[PDB]
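Number of protein chains: 2
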Amino acid sequence: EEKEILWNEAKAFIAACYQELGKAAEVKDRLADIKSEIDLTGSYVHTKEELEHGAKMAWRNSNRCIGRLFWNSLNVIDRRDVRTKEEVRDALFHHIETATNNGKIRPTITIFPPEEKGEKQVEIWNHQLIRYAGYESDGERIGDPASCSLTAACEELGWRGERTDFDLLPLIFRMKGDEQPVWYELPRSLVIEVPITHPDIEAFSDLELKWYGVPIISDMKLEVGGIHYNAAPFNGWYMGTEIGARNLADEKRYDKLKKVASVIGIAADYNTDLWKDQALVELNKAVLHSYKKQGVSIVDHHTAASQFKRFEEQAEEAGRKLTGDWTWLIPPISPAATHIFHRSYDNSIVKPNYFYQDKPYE
Amino acid sequence: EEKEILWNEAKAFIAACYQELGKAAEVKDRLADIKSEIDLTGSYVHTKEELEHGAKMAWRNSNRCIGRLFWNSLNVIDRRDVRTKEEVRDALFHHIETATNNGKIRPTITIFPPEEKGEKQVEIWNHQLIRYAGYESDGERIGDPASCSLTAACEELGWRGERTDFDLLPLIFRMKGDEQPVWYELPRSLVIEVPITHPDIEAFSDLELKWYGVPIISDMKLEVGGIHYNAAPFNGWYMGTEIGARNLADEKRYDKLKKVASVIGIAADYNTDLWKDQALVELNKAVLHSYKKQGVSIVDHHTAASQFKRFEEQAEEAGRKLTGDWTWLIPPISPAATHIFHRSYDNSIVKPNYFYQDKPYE
Ligand code: HEM
Ligand code: HEM
Ligand SMILES: Cc1cc(N)nc(COC[C@H](CN)OCc2cc(C)cc(N)n2)c1
Ligand SMILES: Cc1cc(N)nc(COC[C@H](CN)OCc2cc(C)cc(N)n2)c1
Ligand SMILES: C[C@H](O)[C@H](O)[C@H]1CNc2nc(N)[nH]c(=O)c2N1
Ligand SMILES: C[C@H](O)[C@H](O)[C@H]1CNc2nc(N)[nH]c(=O)c2N1
Ligand SMILES: [Cl-]
Ligand SMILES: [Cl-]
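One line per chain: the protein sequences are A and A', in this order. A prime marks a further copy of an entry chain.
Taking the authors' numbering, the leading residue of the first sequence gets 2, the next gets one more, and so forth.
Taking the authors' numbering, the leading residue of the second sequence gets 2, the next gets one more, and so forth.
Right, here's the structure in full:
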């Protein structure tokens, strides 16, 4: 079964990819080459053109992503050549530096060797390459609760966090043939952070909030033409609501709304005062203001939805079916102010795509 | 087929209804009575207890409704006895008066004779019993755009609106055997309206906004045990977002956000200022403040979601499956501040329930 799945996925991908690239005449010969390679080796190897366009297609097919207008300008870094943990580490450091680009963020993906027999060559433990640690013990909660389990796993490996609310987790990953992952501290010169201030409310800095510049998802699997790239970190720039309406606001995250209410001078006592809603808006204005002031790329949810409308229009014009997950595409503040809220989306899964995979801790 | 559907729905409803009412021992005899009645007459007649509990079950099964905690206290008015248009009119006037209850709104449903051969006895044209007219001609838009088609239909029947932004539509309904519906102007003493003011911003009254106190849906079909009550208007009280985030805010409704921004003293020029979000919050605070000040029932979305959590807990305790439509249950502002956003719901249809039906105009 394994090989037949691979071959069937390969045929569908190569045909579609080569059609998009105006290489339709080359499909026949390429598939023959591929089928012999599968027969002889159990797998096949993407050309650089296939890998690049495959990763772009995977972004285009990501139902939960509002940012897809820009799918075709993804910067694809081919690191299928790495073999050592030093090479992986340096590749991850490089992704951070080149994606950050001094604040003018470049959407980028770095692609490591794919699974072989379902056997991973490189197993990345981080959820994002840059993320804050979380701690909970004896009533005391510090940092990002979402990171508690990974943080505890890191501390099992000899790492120790300073226990501020914003400790940077080290990179942590395992190589094929190694029993334990290795970890490496992030050089702070590589990591841009943004302090959160408000355009009109001076007291907002009293909250001492900050967030990191670049979200780099590192625990999803890129699947292209039946090949499983379990290690392929990718990043865009933030939409402000991700930080202001979720990371800093969720009760199970940094839970800052009551503190926000206090510094903006409103009571947090009555549901009918809509103090949570007002606090959310001011916190979200502050996040956008702060990123802009520092010269770090960010998009607000109105502009993002307008871009996504253009993506829908572009799909129709190209004669491609549009797929999407309405429940993720609507922004978590003022969703009915966006066109997304007022239409529906087909949530079918189309490949190439990015997929969740089981965590190696937990 | 028709009769078999009826009988099958009847069996399921009577069994479930009588179990809930502790009348399980009476099911057998009641079903026999019902089957003979179907055989002899083509249909059957609900007891008052069945009709009342049926309407309550229908509310409990309404997937899109956040207000279901209170399903068991629905006030059910049995008007299966009406035969004349004067009786229907007076029944609708009475529903308005008793549901309004001087502002302390009583959730109420008035149930008219059901369809016979799929032949309606009473056909209500209004979407809600109280709603504003809408006009559009030669570039000029007045009132509620959602009402344009019904307004035009009314004006075909000899009615004429004053063309303010808040003209009350007349009641309009058709009797079996009549070719045209009749219409009746609403007595203004029956209709409570609330002027929108803001707790801290005096200029907000310059917008001259108002809304009606009681939302009374009058175009849905109540289905109970295979019987089709196409005419059965029902009401609760408003959740504030329905008015502040949708009726007054949608671009295809009253479209007031730019005007709100101006009176609250903020620029409406840059998406990154989140002026739409800020305007939405202030407009929504104003709606809640105004209803409360006037002594007209209303609920905010935080309190409503908390009540809905209790409804979920109550269902589990009673051993009933919970059904819901996530896309309608989340409020249109700060949805991620509610527990609803963070879980999923089975959107299966369970009967008794309320259903859409084709409009007789359009
Ligand atoms: C260029 C800027 C980008 C923006 C503004 C953007 C925006 C977003 C947002 C707001 C989400 C929702 C995430 C959440 O609530 O947790 C999301 C999800 C996602 N985005 Fe994008 N995105 C961008 C670039 C990218 C890129 C470059 C890729 C891949 C190559 C990507 C793939 C995805 C995927 C797979 C998800 C779903 C993640 C999950 O299921 O947990 N996005 N995006
Ligand atoms: C007691 C106060 C109530 C509150 C606060 C409430 C709240 C709501 C809200 C916010 C919606 C969404 C409507 C929209 O966005 O257009 C809704 C929908 C609905 N509610 Fe309730 N509701 C209440 C009472 C009732 C009652 C008494 C019934 C029936 C007996 C009912 C049946 C429904 C139905 C059928 C819908 C869906 C309407 C549609 O599909 O267009 N509700 N409710
Ligand atoms: C590539 C990218 C760009 C962008 N602006 N945002 C994203 C999404 O960031 C990661 C996103 C959190 N906002 O992850 C979604 C998620 C969250 C959680 C709690 C679990 C999970 N499995 N997946 C990705
Ligand atoms: C009974 C009730 C109580 C309450 N608070 N809200 C409601 C819902 O009010 C009517 C609701 C508009 N908010 O109707 C939903 C709808 C809207 C539109 C534009 C079309 C349609 N078919 N159905 C009903
Ligand atoms: C297309 C989409 O389902 C549509 O905008 C829905 C979304 N959720 C909603 N939720 C409520 N309560 N009311 C609505 O009118 C809508 N509209
Ligand atoms: C249960 C529900 O699907 C869950 O809250 C989803 C809703 N939509 C979302 N949308 C985004 N963008 N991100 C999320 O984490 C979630 N969470
Ligand atoms: Cl994030
Ligand atoms: Cl309404």
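For every residue, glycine included, the Cβ atom is placed at its ideal position computed from N, Cα and C.
The alpha-carbon separation between residue 343 of chain A' and residue 337 of chain A' amounts to approximately 7 angstroms.
Our two residues, residue 99 of chain A' and residue 107 of chain A', have alpha carbons roughly 7 angstroms apart in a direct line. Per the Cβ contact rule, the stretch 132–147 of chain A' is not in contact with the stretch 175–186 of chain A' (fewer than 3 Cβ pairs under 8 angstroms).
With a 10 Å radius around the Cβ and a threshold of 16 neighbouring Cβ atoms, residue 213 of chain A' comes out buried. Here residue 41 of chain A is exposed, its C-beta having fewer than 16 other C-beta atoms within 10 Å. According to the DSSP assignment, residue 229 of chain A' belongs to the beta strand (DSSP E) that extends over 228–230.
A distance below 8 angstroms separates the beta carbons of residue 110 of chain A' and residue 77 of chain A'.
For residue 297 of chain A, the closest Cβ of chain A' is not nearer than 8 angstroms. At a cut-off of 8 angstroms between beta-carbon atoms, residue 261 of chain A makes no contact with chain A'. Residues of chain A whose Cβ lies closer than 9 angstroms to the Cβ of residue 337 of chain A' are, in chain order, 242, 246, 247, 250, 251, 281, 333, 334. Distances from the CB of residue 108 of chain A to the heavy atoms of ligand 7 are all 7 angstroms or more. Within the same chain, and ignoring the five residues on either side of residue 135 of chain A' in sequence, the residues whose Cβ sits closer than 6 angstroms to its Cβ are 144, 145, 146, 148, 149, 152. Around the beta-carbon of residue 242 of chain A', 16 or more other beta-carbon atoms lie within 10 Å, marking it buried.
For residue 14 of chain A, the enclosing alpha helix (DSSP H) covers residues 3–21. In terms of beta-carbon proximity, residue 294 of chain A stays away from the interface with chain A', with every pair separated by 8 angstroms or more. The DSSP assignment places complete alpha helix (DSSP H) segments of no fewer than 4 residues inside the stretch 58–138 of chain A' at 86–101, in order along the chain.
Within the same chain, and ignoring the five residues on either side of residue 252 of chain A in sequence, no residue has its Cβ closer than 6 angstroms to its Cβ.
The stretch 350–359 of chain A' and the stretch 52–65 of chain A' touch, with three or more beta-carbon pairs separated by less than 8 angstroms. In summary, the residues of the stretch 313–333 of chain A whose CB is separated from some CB of chain A' by less than 7 angstroms are 327, 328, 333, in the order they occur in the chain.
Apart from sequence neighbours up to five positions away, the residues of its chain that approach residue 312 of chain A with a beta-carbon distance below 6 angstroms are 69, 70, ordered along the chain. One thing to note: residue 334 of chain A has its Cβ no nearer than 8 angstroms to the Cβ of residue 307 of chain A'. Distance from the CA atom of residue 127 of chain A' to the CA atom of residue 86 of chain A', rounded to whole angstroms, is 15 angstroms. Within the same chain, 325, 327 come within 6 angstroms of residue 346 of chain A by CB-CB distance, once the 5 residues on both sides are set aside. Every residue whose beta carbon comes nearer than 6 angstroms to a heavy atom of ligand 5 appears here in chain order: A:342, A:343, A:344, A:345, A':328, A':329. Per DSSP, residue 175 of chain A is one residue of the beta strand (DSSP E) stretching across 172–176. Residues of chain A with a Cβ closer than 9 angstroms to the Cβ of residue 284 of chain A' do not exist; the shortest Cβ-Cβ separation is about 10 angstroms. Look at which beta carbons fall closer than 6 angstroms to any heavy atom of ligand 8; those residues are A':216, A':243, A':248.
Interface residue (Cβ-Cβ distance to chain A' less than 8 angstroms): residue 199 of chain A is not classified as such. In terms of side-chain proximity, the C-beta atom of residue 240 of chain A' is found nearer than 7 angstroms to a non-hydrogen atom of ligand 2. Using a cutoff of 7 angstroms, the CB of residue 351 of chain A does not count as near ligand 1, since none of the ligand's heavy atoms is closer than that. Contact note: residue 303 of chain A reaches chain A' through 272, 273, 275, 277, 278, using a C-beta cutoff of 9 angstroms and chain order. Minimum Cα-Cα distance from residue 202 of chain A' among the listed residues A':227, A':117, A':261 corresponds to A':261.
By the Cβ-count criterion, residue 22 of chain A is exposed, with fewer than 16 other Cβ atoms from all chains shown falling within 10 Å of its own Cβ.
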